[PDB]
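# Experimental coordinates follow, after the sequence.
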Amino acid sequence: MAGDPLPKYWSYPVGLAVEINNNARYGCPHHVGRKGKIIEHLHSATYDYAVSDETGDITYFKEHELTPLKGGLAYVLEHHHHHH
């Protein structure tokens, strides 16, 4: 795994579910360790996205302060299914 996946600015799109990792420790005190939803895009060297915390608190975060959530597809067997 090597290479720069930097397109231009925004790596994460709107509507993406993310979690706030504890690396925003100094910047968002006791607002880390939860999950949120990226609802807006910002252009700022401090904050790239506007994330709505699950508690209902809209906070501003940067790509470094967020971790994308995944639905799964790790326990599913998808190869031979013909409709429902």
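Ah, there it is. Numbers count the residues shown, from 1 in each chain.
# Isn't residue 17 up against residue 49?
No - with contact defined as C-beta atoms under 8 Å, residue 17 does not count as touching residue 49 (12.0 Å). In this view, the C-beta of every residue, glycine as well, is placed from N, C-alpha and C.
# Near the nearest residue to residue 33 once chain neighbours are set aside, how many residues? Count them for me, please.
Once flanking residues are discounted, residue 33 sits nearest to residue 22: 5.6 Å by C-beta to C-beta, 6 or more residues apart in numbering. By other C-beta atoms under 10 Å, the residues close to residue 22 number 9.
# Same check on residue 49?
26.
# Then residue 79?
Residues near residue 79, counting by other C-beta under 10 Å, number 5.
# secondary structure element for it?
Under the criterion DSSP states H and E, no helix or strand holds residue 79.
# Quick check: it vs residue 7, distance?
Per C-beta to C-beta, to the nearest Å, residue 79 is found 32 Å from residue 7.
# now do residue 52
For residue 52, the distance to residue 7 - C-beta to C-beta - is 24 Å.
# Who has more neighbours out of these two?
Counted by other C-beta under 10 Å, residue 52 and residue 7 do not tie: residue 52 has more neighbours, with 15 against 7.
# in the sheet, who's paired with that one?
residue 37, residue 58 (DSSP bridges).
# pretty sure it is touching residue 35, no?
No - counting by C-beta under 8 Å, residue 52 sits too far from residue 35 to count as a contact (10.0 Å).
# doesn't residue 32 make contact with the residue nearest to residue 33?
Yes - the criterion here is C-beta under 8 Å, and residue 22 meets it with residue 32 at 4.7 Å.
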